[PDB]
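Visitor: I'd like to ask some things about the structure below.
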Amino acid sequence: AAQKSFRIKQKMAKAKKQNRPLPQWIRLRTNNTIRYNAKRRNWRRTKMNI
Amino acid sequence: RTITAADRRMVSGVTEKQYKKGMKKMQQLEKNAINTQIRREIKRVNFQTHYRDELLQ
Amino acid sequence: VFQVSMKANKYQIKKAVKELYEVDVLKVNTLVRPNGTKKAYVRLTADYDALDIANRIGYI
Amino acid sequence: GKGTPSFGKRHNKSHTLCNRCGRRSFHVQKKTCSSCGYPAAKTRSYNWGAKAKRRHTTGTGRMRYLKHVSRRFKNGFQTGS
Amino acid sequence: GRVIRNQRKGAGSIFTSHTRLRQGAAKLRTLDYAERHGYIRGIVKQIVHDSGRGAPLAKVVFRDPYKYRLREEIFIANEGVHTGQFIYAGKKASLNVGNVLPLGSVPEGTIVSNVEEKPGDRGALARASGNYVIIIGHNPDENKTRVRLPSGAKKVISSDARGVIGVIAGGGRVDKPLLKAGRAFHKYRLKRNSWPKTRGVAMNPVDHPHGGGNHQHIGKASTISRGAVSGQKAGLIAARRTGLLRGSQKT
RNA sequence: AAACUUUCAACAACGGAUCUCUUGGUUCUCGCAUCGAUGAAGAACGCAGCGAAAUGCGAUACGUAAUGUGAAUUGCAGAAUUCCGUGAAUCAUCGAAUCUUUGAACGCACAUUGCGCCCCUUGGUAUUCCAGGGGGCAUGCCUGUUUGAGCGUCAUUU
RNA sequence: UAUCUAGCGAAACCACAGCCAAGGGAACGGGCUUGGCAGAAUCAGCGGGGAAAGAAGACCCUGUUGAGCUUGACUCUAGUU
RNA sequence: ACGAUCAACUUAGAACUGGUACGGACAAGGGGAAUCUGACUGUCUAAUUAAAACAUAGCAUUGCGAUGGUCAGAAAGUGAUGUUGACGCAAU
RNA sequence: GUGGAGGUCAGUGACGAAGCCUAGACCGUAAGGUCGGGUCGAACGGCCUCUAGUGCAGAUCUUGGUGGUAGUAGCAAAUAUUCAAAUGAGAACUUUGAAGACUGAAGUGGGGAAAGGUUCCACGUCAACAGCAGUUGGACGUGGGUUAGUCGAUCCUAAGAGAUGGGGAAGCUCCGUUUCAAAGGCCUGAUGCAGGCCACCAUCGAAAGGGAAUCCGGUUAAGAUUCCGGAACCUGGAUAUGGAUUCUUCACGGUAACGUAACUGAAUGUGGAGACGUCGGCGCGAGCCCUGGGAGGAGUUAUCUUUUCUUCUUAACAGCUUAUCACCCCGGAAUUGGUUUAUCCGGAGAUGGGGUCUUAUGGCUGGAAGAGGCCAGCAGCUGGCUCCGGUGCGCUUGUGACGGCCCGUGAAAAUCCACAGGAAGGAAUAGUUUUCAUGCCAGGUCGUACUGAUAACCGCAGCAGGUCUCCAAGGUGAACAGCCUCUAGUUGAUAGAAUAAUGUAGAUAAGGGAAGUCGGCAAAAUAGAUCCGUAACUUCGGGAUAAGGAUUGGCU
RNA sequence: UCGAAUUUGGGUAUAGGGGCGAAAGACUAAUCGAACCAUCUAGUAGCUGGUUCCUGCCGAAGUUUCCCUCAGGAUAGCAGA
RNA sequence: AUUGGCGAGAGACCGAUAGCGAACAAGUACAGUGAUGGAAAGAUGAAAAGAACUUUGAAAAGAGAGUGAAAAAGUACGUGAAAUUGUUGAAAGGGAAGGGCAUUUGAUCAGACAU
């Protein structure tokens, strides 16, 4: 809602911070297994349930 | 935009060509995982527990 | 325009600006950015130049 | 109908964020979290929920202080330098 | 079988009364020293309607004997009580309509209302609209008086029990037939959710003792025993006799 | 006769079986006794030059202090006598600290980043108002301290 | 709309499959036997058949399988006296 | 007896007129004679049954004067009716 | 025959172990064993024994993978798209322009509540998604953005929830919310206190109830009653001057209703506001609608048109004034009068004459024309005008006085105010107040972008479903019915070509008119308005629009 | 049907043998003649389905008696070793 | 006594559909309002030496070139089966295909005389 609580907005900020792909330099580290951001969220595909 | 994320990644060690290539690889991997998920979930996604079936049985 | 810790209020921001940079502030307007940090618009008095003290701080 | 037309009327929130645990299982009207028993003193756990205890037992988190107790015991809770 | 409706009505929930709009509890003065030795005078400020109650309430301002305050008591109006009337409550009050007197201080045949059941509480008998109690007689030996209740029952009570002189007013309220179902709906909208009532014989056999069957019939005797447990007391409870009276049956 | 269909082989496809590895699991044995109001377990949110996560940490924040080792970390950038030395390190050890908001959670509440009260102190021409800084304010119970209550009750006094 | 085309593009179902008559046969065959016949690849319709598809028949019966309900079944019980 | 000035759609009437049309599109009751049944308005089987079923006002019966009737709780210094009192509550 | 173990063959092997393919070969009746060829890269085998999670075609078997169906069903509701240019490798789908349309103000418009959480906006961009396409996007990558003393939360209490004192319960906990309690905070002059005061009873409970106070213009890629400019108000607190007030110590005036620039007032009580239903008609106000003159611009001009469209606006706040109701003074009324649309009032004092009040609301002025709007000229600047009216069963809305209805009479508290009272204080520079004016300081925390739906919520989704509410133009018409249009917004839904059967939806049919069918199912018929006419029956209210007929335009 | 027994948002109360029901065994999150989740539980089944390599030798019974026994067991018989 | 915690040593155990659900950013992603439910997913090479450069294409990519012992290892990466599919080659085909016995025909093949 537009009229929202600060706890909700803090979770919003956390989600916006997390909403990004893998940093590219991480792929170049030795013994790197991470291939892509497997926890990438999007508003059209999965609701946050908060 | 005095300095861009392009400059930040260039100093981080990934150039523009490597950025584009790695991003394409990431989209490829996500698409492969998506294809696999649909293929596996099609088998048992249509198992509604309490479906009605107007013409019973 | 200053980034401010979320634990600060308008009085704290006023006093802190007055202490760090010796300029009187006319008002403070604080909001919470969607990335989760306070953003404070500190309007100084008419007899100080924001463009002057900004490049004094270091950013033009 | 009881299906699609009635699934459009669900826009309230029976549960919200709990404080003791971050779960979205704090009953708004009952005021009791349905997963951790807040605000009761005892965290709501049951022996029939083996997986429930396994999810939230000690060691599933940071263990901010319990991590070093083994070190301190192995050194005998020494003091000094 | 399922817990029947009358069984469900004791636990509360939706069967509590709807007491938002009620002006307050209709009670007399506390049995103070002044009222139990002489009398005290109050002034009828206003007569008001009480939601869910047929008889209008009367608000009487009484001076506080032991403090400046004005103790405003919510009486039950008697037919004759009006705004601006002086109400004399106590043992030494003269016998006029609206005065409160202990039943040992009134002559025989007196009509009283809101009669105290035992000296000390604040009115128990004959408070519904149009109802009254008749002072049948006295007994100074044991400090009792015999009275006739609205139900035609004879009772004996301590002569120091109080009671307002007159009738509860609002009488004949049940003469007028509620034509629409909406009239009853609004009558019970302020009364405890006891309407509409589904016949047990129309209920399914799980929901009521009378339910079930290929015809809407009770099936067994509907005169239920007094000693029957809760959940069996559906119908005529402890019925000495049934059917239409067909007789004088006293007046 | 072609096409098409079928059967087989070669090469190529879809798919990830077989084979071979294995910082994992499982079971057994042995030794130890160490959570928490000096605030635990758990949670939320944040912290890196460049990280979303895992791991680590708490506004001193992938950490500070102490000790040992003795020259790295590394994907890049940077730092580089920093290295014949109180000294690199995403090292090891760990006895000193910091330890946000919480949580048995403890001033009152909490779907509020709400509302108080006290002490010291600073500013606003201020014991009262406002603001900043620091320290506090739960309950049950014990021992003790102090102040009391009760013709429950003793002595003494008019 | 169907139909044809460009793009996109499933599902039900599928022992193997698909021309009949008669015979016998689990007493109503697509296959078996005796006959009739039988020529690639196909399109739009179509509803005779595939005892077509959907569901381990709900009707009935069996089970020393239940459940809802009833009572004066058997054995108890809350409450109440 | 009475003059000037300003202002609005409402009804009635009369000519004239037309390929007798004109609520010109839109919009918009089929009606009558009966029978069974439920008085009526209302409500229910969301997702096969909207009814003649339920409810209803009306009528009637029953319990109860509070140390009470009906009902709830494992218990309570517990509770609903009850902010109540037979023109009331409770059960049919 | 297989996994694994003991022994042995000083077994095989990077010069290639295992595995895998092999209509190539040999052996055994068979389970299977051996060999050649290709692929391949690191372990494996024969024999004597031991051990077992040891042998698959099925179990509507489990998992995983893949087929015919099949380039098939289909991508067909919401009226509809077309041309040119640009961009681009590529355009039915992007953009711009030119058309044609639709939603038609109970919209496909403009905002919000729940919900969503960055979808908002910019730049770059097509791997995937947008069931066609794509240069486009709610997609991808990177960033930007949400500014409050006045709007909400915060505060109050509603239905209710819930500790403490208590009391149950083995116990997790339960009852209970002021009761079987030794339950505290307020005013001070200084933690007693001078001392006094009070006896109420933790707390939570509404982003639609109550509630301290903010409006206009401008501004952004995206903000806004929050920013900027200007102009106000509230609260808290210091608080100085002026005014007011007095030796008659705490004001005057009016016959009165009552007026003021103020014009002491403790404890304690009283009252008021908060504070309230629904419907009907009437009055008034606002906004909108219609329209006249005039001052500008635009459209039309074969012909006509003093034409058609369009701008002419004045916020919060302040001063003066303004009203139905109500009340006051004089007077004393039947020949009863006054009066509403609605029948109510008058010797408990009418009509009438004169006055007081509330300021809903309107007028003037200040705010403020300096703003905004509309034009013209010159290269941003400079000028003008922004004026005066009219009407209403008009629509929405506010409000007033009323009336109808109930066995329905239609919240609470915080808070604020006043009154009764006379505790206490103030006397002549002695002063006391400062509900008067002016002046000073501060107002924290959190929310603030966007959608709010045939694409931003929920329905597995970019689903013809569901989801609360505000504003609401013109014509026809009784009508926020149907139809057309203005401001505004869309032009989205795969498309092209033909017009077979069968369909779905819409229709029409000569004669007959239910003969069809279980059954007039479906369809048709009538329909608005005015006038006439209207039966049996009836609970006397109805039946009733009964039935059955006539008229209906335009123009003068 | 459309001014009221009206429709509806938010708050709030009632929780599974319980609620609520103008009464249909209706509603209680697509679940209702007893909701959902986990555990007891790999519940029991005289019933249905399946039960994985080769060869060799031998190779049957649906009958007796008794069982709340009649879709099953015990016993005797037939069969192998 | 010990299926919890810490520290160790082992196995005729399992070897990525097995073994804990989790050998991996696993009680993670994800579903449900909620209690709860809950996966999939290991391997290039010794070393990225991860394909400089040329050319066709708008681009993805392709063809060369090159690294490599091997691109029959190209971040879809060890080996790479079967179902299923494409091309090439062979053969057959009048409403099934498949099978047994026997031989003709075509293709293919071992052994033995040569000792």
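All residue names refer to the structure tokens as shown: chains lettered A, B, ... in order, residues numbered from 1 in each chain, ligands numbered from 1 in order.
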Write out as an NGL selection string the residues lying within 12 Å of range 40-42 of chain C, counting only C-alpha atoms (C1' of nucleotides) and excluding same-chain residues fewer than 2 positions away.
Guide: (:C and (1-6 or 8-18 or 21 or 23-33 or 37-38 or 44-45 or 50)) or (:I and (147 or 227))
Visitor: When you look at residue 8 in chain A with a cut-off of 12 Å (counting only C-alpha atoms (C1' of nucleotides)), what residues show up, excluding the ones that are within fewer than 3 positions of it in the same chain? I need them as JSON, numbers by chain.
Guide: {"A": [1, 2, 3, 4, 5, 11, 12, 13, 14, 15, 48, 49, 50], "C": [34, 36], "D": [16, 17, 22, 24], "F": [44, 45, 111, 113], "I": [117, 446, 447]}
Visitor: Go through chain G residue by residue and, counting only C-alpha atoms (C1' of nucleotides), keep those with an atom at most 10 Å from chain E; for each kept residue give the shortest atom pair and its distance in Å to one decimal, ordered by chain and increasing number, as JSON lines.
Guide:
```
{"residue": "G:68", "atom": "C1'", "partner": "E:1", "partner_atom": "CA", "distance": 8.9}
{"residue": "G:69", "atom": "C1'", "partner": "E:206", "partner_atom": "CA", "distance": 6.9}
{"residue": "G:70", "atom": "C1'", "partner": "E:205", "partner_atom": "CA", "distance": 8.8}
{"residue": "G:78", "atom": "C1'", "partner": "E:229", "partner_atom": "CA", "distance": 9.6}
{"residue": "G:79", "atom": "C1'", "partner": "E:229", "partner_atom": "CA", "distance": 6.4}
{"residue": "G:80", "atom": "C1'", "partner": "E:227", "partner_atom": "CA", "distance": 6.5}
{"residue": "G:81", "atom": "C1'", "partner": "E:227", "partner_atom": "CA", "distance": 7.9}
```
Visitor: Take the residues from that selection and put them in a file with N, CA, C and O atoms (P, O5', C5', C4', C3', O3' and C1' of nucleotides), as a PDB file, in the first residue's frame.
Guide:
```
ATOM      1  P     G G  68     -19.291 -41.409  12.897  1.00  0.00           P
ATOM      2  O5'   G G  68     -20.519 -40.735  12.148  1.00  0.00           O
ATOM      3  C5'   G G  68     -20.357 -39.526  11.427  1.00  0.00           C
ATOM      4  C4'   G G  68     -21.628 -39.134  10.724  1.00  0.00           C
ATOM      5  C3'   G G  68     -22.893 -39.208  11.556  1.00  0.00           C
ATOM      6  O3'   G G  68     -23.076 -38.083  12.387  1.00  0.00           O
ATOM      7  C1'   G G  68     -23.263 -40.260   9.486  1.00  0.00           C
ATOM      8  P     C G  69     -23.576 -38.292  13.893  1.00  0.00           P
ATOM      9  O5'   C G  69     -25.081 -38.771  13.731  1.00  0.00           O
ATOM     10  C5'   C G  69     -26.031 -37.942  13.088  1.00  0.00           C
ATOM     11  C4'   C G  69     -27.287 -38.695  12.737  1.00  0.00           C
ATOM     12  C3'   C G  69     -27.994 -39.401  13.876  1.00  0.00           C
ATOM     13  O3'   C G  69     -28.772 -38.530  14.671  1.00  0.00           O
ATOM     14  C1'   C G  69     -27.850 -40.851  12.026  1.00  0.00           C
ATOM     15  P     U G  70     -29.079 -38.899  16.199  1.00  0.00           P
ATOM     16  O5'   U G  70     -30.121 -40.091  16.099  1.00  0.00           O
ATOM     17  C5'   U G  70     -31.378 -39.906  15.478  1.00  0.00           C
ATOM     18  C4'   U G  70     -32.172 -41.183  15.479  1.00  0.00           C
ATOM     19  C3'   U G  70     -32.417 -41.797  16.840  1.00  0.00           C
ATOM     20  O3'   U G  70     -33.497 -41.189  17.516  1.00  0.00           O
ATOM     21  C1'   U G  70     -31.752 -43.473  15.306  1.00  0.00           C
ATOM     22  P     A G  78     -19.634 -39.682  34.797  1.00  0.00           P
ATOM     23  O5'   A G  78     -19.711 -38.234  34.149  1.00  0.00           O
ATOM     24  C5'   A G  78     -18.535 -37.553  33.746  1.00  0.00           C
ATOM     25  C4'   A G  78     -18.869 -36.320  32.951  1.00  0.00           C
ATOM     26  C3'   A G  78     -19.857 -35.361  33.590  1.00  0.00           C
ATOM     27  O3'   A G  78     -19.234 -34.472  34.499  1.00  0.00           O
ATOM     28  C1'   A G  78     -20.514 -35.798  31.368  1.00  0.00           C
ATOM     29  P     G G  79     -19.746 -34.364  36.014  1.00  0.00           P
ATOM     30  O5'   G G  79     -21.160 -33.659  35.881  1.00  0.00           O
ATOM     31  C5'   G G  79     -21.273 -32.383  35.278  1.00  0.00           C
ATOM     32  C4'   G G  79     -22.681 -32.124  34.818  1.00  0.00           C
ATOM     33  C3'   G G  79     -23.749 -32.154  35.893  1.00  0.00           C
ATOM     34  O3'   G G  79     -23.841 -30.939  36.609  1.00  0.00           O
ATOM     35  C1'   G G  79     -24.452 -33.452  34.064  1.00  0.00           C
ATOM     36  P     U G  80     -24.053 -30.956  38.196  1.00  0.00           P
ATOM     37  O5'   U G  80     -25.540 -31.486  38.371  1.00  0.00           O
ATOM     38  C5'   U G  80     -26.631 -30.792  37.790  1.00  0.00           C
ATOM     39  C4'   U G  80     -27.859 -31.661  37.734  1.00  0.00           C
ATOM     40  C3'   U G  80     -28.333 -32.209  39.066  1.00  0.00           C
ATOM     41  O3'   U G  80     -29.107 -31.284  39.800  1.00  0.00           O
ATOM     42  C1'   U G  80     -28.271 -33.952  37.484  1.00  0.00           C
ATOM     43  P     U G  81     -29.037 -31.280  41.398  1.00  0.00           P
ATOM     44  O5'   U G  81     -29.883 -32.562  41.806  1.00  0.00           O
ATOM     45  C5'   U G  81     -31.271 -32.622  41.532  1.00  0.00           C
ATOM     46  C4'   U G  81     -31.870 -33.941  41.951  1.00  0.00           C
ATOM     47  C3'   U G  81     -31.587 -34.400  43.370  1.00  0.00           C
ATOM     48  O3'   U G  81     -32.431 -33.786  44.324  1.00  0.00           O
ATOM     49  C1'   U G  81     -31.265 -36.197  41.872  1.00  0.00           C
TER      50        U G  81
END
```
Visitor: Give the residues of chain D that lie within 12 Å of chain A; count only C-alpha atoms, and format the answer as a PDB file with C-alpha atoms, in the first residue's frame.
Guide:
```
ATOM      1  CA  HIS D  11      -6.980  -8.799  -0.060  1.00  0.00           C
ATOM      2  CA  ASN D  12      -6.728  -8.613   3.735  1.00  0.00           C
ATOM      3  CA  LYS D  13      -3.849 -10.034   5.793  1.00  0.00           C
ATOM      4  CA  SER D  14      -4.671 -12.700   8.357  1.00  0.00           C
ATOM      5  CA  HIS D  15      -1.001 -12.842   9.357  1.00  0.00           C
ATOM      6  CA  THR D  16       1.752 -10.246   9.425  1.00  0.00           C
ATOM      7  CA  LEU D  17       5.450 -10.229  10.277  1.00  0.00           C
ATOM      8  CA  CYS D  18       6.290 -11.702  13.659  1.00  0.00           C
ATOM      9  CA  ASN D  19       8.823  -9.963  15.884  1.00  0.00           C
ATOM     10  CA  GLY D  22      10.884 -13.111  10.876  1.00  0.00           C
ATOM     11  CA  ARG D  23       8.143 -15.428   9.673  1.00  0.00           C
ATOM     12  CA  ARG D  24       4.980 -14.044   8.111  1.00  0.00           C
ATOM     13  CA  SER D  25       2.901 -16.016  10.577  1.00  0.00           C
ATOM     14  CA  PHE D  26       1.910 -13.531  13.290  1.00  0.00           C
TER      15      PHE D  26
END
```
Visitor: Pick out each residue of range 6-51 of chain D that DSSP on the backbone tags as strand (DSSP E or B); I need them as a list in words.
Guide: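 Answer for range 6-51 of chain D restricted to strand (DSSP E or B) is residues 15, 16, 26, 27 and 33 of chain D.
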Visitor: Identify, on the basis of only C-alpha atoms (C1' of nucleotides), every residue whose closest approach to residue 54 in chain G does not exceed 10 Å; exclude the query and any residue fewer than 6 positions from it along the same chain; express the result as number ranges by chain.
Guide: B: 53, 55-57; G: 12
Visitor: Apply DSSP to the backbone of this structure and, from chain A, keep only the residues in helix (DSSP H, G or I); write these as a list in words.
Guide: residues 6, 7, 8, 9, 10, 11, 12, 13, 14, 15, 16, 17, 18, 24, 25, 26, 27 and 28 of chain A
Visitor: With C-alpha atoms retained, export the selected residues as a PDB file, in the first residue's frame.
Guide:
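Below is the file again_34.pdb, written as the result:
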```
ATOM      1  CA  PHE A   6       8.537   1.323   8.246  1.00  0.00           C
ATOM      2  CA  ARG A   7       9.131  -2.394   8.754  1.00  0.00           C
ATOM      3  CA  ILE A   8       7.522  -3.040   5.380  1.00  0.00           C
ATOM      4  CA  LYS A   9       9.576  -0.289   3.748  1.00  0.00           C
ATOM      5  CA  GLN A  10      12.749  -1.708   5.272  1.00  0.00           C
ATOM      6  CA  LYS A  11      11.979  -5.070   3.697  1.00  0.00           C
ATOM      7  CA  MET A  12      11.325  -3.149   0.458  1.00  0.00           C
ATOM      8  CA  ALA A  13      14.783  -1.621   0.649  1.00  0.00           C
ATOM      9  CA  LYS A  14      16.318  -5.031   1.266  1.00  0.00           C
ATOM     10  CA  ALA A  15      14.518  -6.452  -1.772  1.00  0.00           C
ATOM     11  CA  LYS A  16      15.578  -3.562  -3.997  1.00  0.00           C
ATOM     12  CA  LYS A  17      19.176  -4.010  -2.846  1.00  0.00           C
ATOM     13  CA  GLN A  18      19.021  -7.728  -3.650  1.00  0.00           C
ATOM     14  CA  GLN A  24      30.671 -10.152 -13.097  1.00  0.00           C
ATOM     15  CA  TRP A  25      34.078 -10.347 -11.415  1.00  0.00           C
ATOM     16  CA  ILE A  26      32.844 -13.145  -9.149  1.00  0.00           C
ATOM     17  CA  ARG A  27      32.743 -15.450 -12.162  1.00  0.00           C
ATOM     18  CA  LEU A  28      36.503 -15.070 -12.615  1.00  0.00           C
TER      19      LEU A  28
END
```
Visitor: If we count only C-alpha atoms (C1' of nucleotides) and set the cut-off at 12 Å, which residues sit around residue 38 in chain H, ignoring sequence neighbours fewer than 3 positions away in its own chain? Please answer as a list in words.
Guide: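 My list of contacting residues is residues 51, 52, 53 and 54 of chain H.
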Visitor: Write out as a VMD selection string each polymer residue whose atoms come within 9 Å of range 53-62 of chain K, counting only C-alpha atoms (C1' of nucleotides); drop sequence neighbours fewer than 5 positions from it.
Guide: chain I and resid 89 to 90 127
Visitor: Could you take the residues named above and write them with N, CA and C atoms (P, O5', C5', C4', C3', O3' and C1' of nucleotides), as a PDB file, in the first residue's frame?
Guide:
```pdb
ATOM      1  P     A I  89      20.716  -0.850 -39.426  1.00  0.00           P
ATOM      2  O5'   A I  89      20.073  -1.921 -40.410  1.00  0.00           O
ATOM      3  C5'   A I  89      20.632  -2.183 -41.687  1.00  0.00           C
ATOM      4  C4'   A I  89      20.062  -3.453 -42.259  1.00  0.00           C
ATOM      5  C3'   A I  89      18.544  -3.535 -42.273  1.00  0.00           C
ATOM      6  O3'   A I  89      17.994  -2.946 -43.438  1.00  0.00           O
ATOM      7  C1'   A I  89      19.443  -5.505 -41.324  1.00  0.00           C
ATOM      8  P     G I  90      16.599  -2.161 -43.379  1.00  0.00           P
ATOM      9  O5'   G I  90      15.535  -3.268 -42.964  1.00  0.00           O
ATOM     10  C5'   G I  90      15.165  -4.305 -43.856  1.00  0.00           C
ATOM     11  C4'   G I  90      14.443  -5.409 -43.129  1.00  0.00           C
ATOM     12  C3'   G I  90      13.130  -5.034 -42.464  1.00  0.00           C
ATOM     13  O3'   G I  90      12.037  -5.062 -43.364  1.00  0.00           O
ATOM     14  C1'   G I  90      14.473  -6.229 -40.938  1.00  0.00           C
ATOM     15  P     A I 127      19.566 -10.847 -30.155  1.00  0.00           P
ATOM     16  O5'   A I 127      19.684 -12.185 -29.315  1.00  0.00           O
ATOM     17  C5'   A I 127      18.522 -12.909 -28.965  1.00  0.00           C
ATOM     18  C4'   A I 127      18.823 -13.920 -27.897  1.00  0.00           C
ATOM     19  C3'   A I 127      17.622 -14.409 -27.116  1.00  0.00           C
ATOM     20  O3'   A I 127      16.919 -15.439 -27.782  1.00  0.00           O
ATOM     21  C1'   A I 127      19.308 -13.758 -25.612  1.00  0.00           C
TER      22        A I 127
END
```
Visitor: For chain E, list the residues within 10 Å of chain I, counting only C-alpha atoms (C1' of nucleotides), and write the list as a ChimeraX atom specification.
Guide: /E:18,20-21,48-54,67-70,170,172-178,182-190
Visitor: Neighbouring residues of residue 23 in chain K were defined as those with any atom within 10 Å, considering only C-alpha atoms (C1' of nucleotides); residues of the same chain fewer than 6 positions away were excluded. Please report them as a list in words.
Guide: residues 22, 23, 24 and 25 of chain F; 16 and 42 of chain K
Visitor: Would you put the residues from that selection into a file with C-alpha atoms (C1' of nucleotides), as a PDB file, in the first residue's frame?
Guide:
```pdb
ATOM      1  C1'   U F  22      34.180 -38.081  -4.312  1.00  0.00           C
ATOM      2  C1'   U F  23      36.211 -31.883   0.618  1.00  0.00           C
ATOM      3  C1'   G F  24      29.396 -35.828   1.264  1.00  0.00           C
ATOM      4  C1'   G F  25      26.333 -39.188   3.943  1.00  0.00           C
TER       5        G F  25
ATOM      6  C1'   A K  16      25.019 -38.322  -7.302  1.00  0.00           C
ATOM      7  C1'   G K  42      28.859 -32.806  -8.585  1.00  0.00           C
TER       8        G K  42
END
```
Visitor: Give me, as a Markdown table, the closest atom pair and its distance (Å, one decimal) for every residue of chain K within a cut-off of 12 Å of chain B, counting only C-alpha atoms (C1' of nucleotides), rows sorted by chain and rising number.
Guide:
```
| residue | atom | partner | partner_atom | distance |
| --- | --- | --- | --- | --- |
| K:29 | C1' | B:37 | CA | 11.7 |
| K:30 | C1' | B:37 | CA | 11.3 |
| K:31 | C1' | B:45 | CA | 11.8 |
| K:39 | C1' | B:37 | CA | 11.0 |
| K:40 | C1' | B:37 | CA | 8.4 |
| K:41 | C1' | B:33 | CA | 9.7 |
| K:50 | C1' | B:18 | CA | 11.8 |
| K:60 | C1' | B:24 | CA | 10.9 |
| K:75 | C1' | B:25 | CA | 8.7 |
| K:76 | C1' | B:28 | CA | 9.0 |
```
